[PDB]
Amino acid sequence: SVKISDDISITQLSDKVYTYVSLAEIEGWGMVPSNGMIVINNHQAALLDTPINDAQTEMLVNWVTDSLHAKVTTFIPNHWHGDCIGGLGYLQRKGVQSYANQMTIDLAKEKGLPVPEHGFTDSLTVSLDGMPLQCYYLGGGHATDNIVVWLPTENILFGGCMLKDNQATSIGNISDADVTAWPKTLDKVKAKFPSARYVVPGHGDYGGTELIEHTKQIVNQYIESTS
């Protein structure tokens, strides 16, 4: 897992898909690592999630063009939080097409954060010059608006923060969470992607379909331990 900046790390999953980790500070959670994917095809790139701010995003945007040689033309945020659209204003200054759950659009609009330009309400298949990018909203989880991005041709699933990493014992940040739904939503994820080769969570190490089960448990536990 190479470093490309003092705060930005990259790992390669396939010839077309990459995952990055950007280290940032958050009042109340300290030094914390946020993930996002980068998908390439015929010199064009789609960016899923952006570091929490415009600076880290820009660095990341140039590394892509400089190292992978690709114009970043597409953006899809997991949900309305800082570690998903934190640098969208930058992307906008540079004419990037934005796509998102319609509820993510409404939430950013009323809190005066940059707004993506096209919402979907159930699913959106976005084409990066040929290669499909399937976005689905299967119910609330970590956040009411959270989606997952599926890659039919790489069997790679970007789960976002509704999925926790294998070493996580804590449910963590449930301030906008929809705990009532979270458990029904995870089942829908496992049922829809039995064959996923790679699964990337919003924070932490990636892996296989077992992060879905690991998370279903951390949550069920929380529903009981507090009930």
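Just count from 1 along the sequence shown to find any residue number.
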Given 103 to 111 and 74 to 82, the range whose Cα B-factors average higher in the PDB entry: 103 to 111
154 to 162 versus 182 to 190 - which carries the larger mean C-alpha B factor in the record: 182 to 190
Maximum C-alpha temperature factor, selected from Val200, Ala45, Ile52, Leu48: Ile52
Out of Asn146, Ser127, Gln92, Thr121, highest CA B-factor residue: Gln92
For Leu211, the third of its chain into which the C-alpha B factor falls: lowest
Where the record places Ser14 (Cα B-factor, split into thirds across the chain): middle
Chain thirds of CA B-factor: placement of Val39: lowest
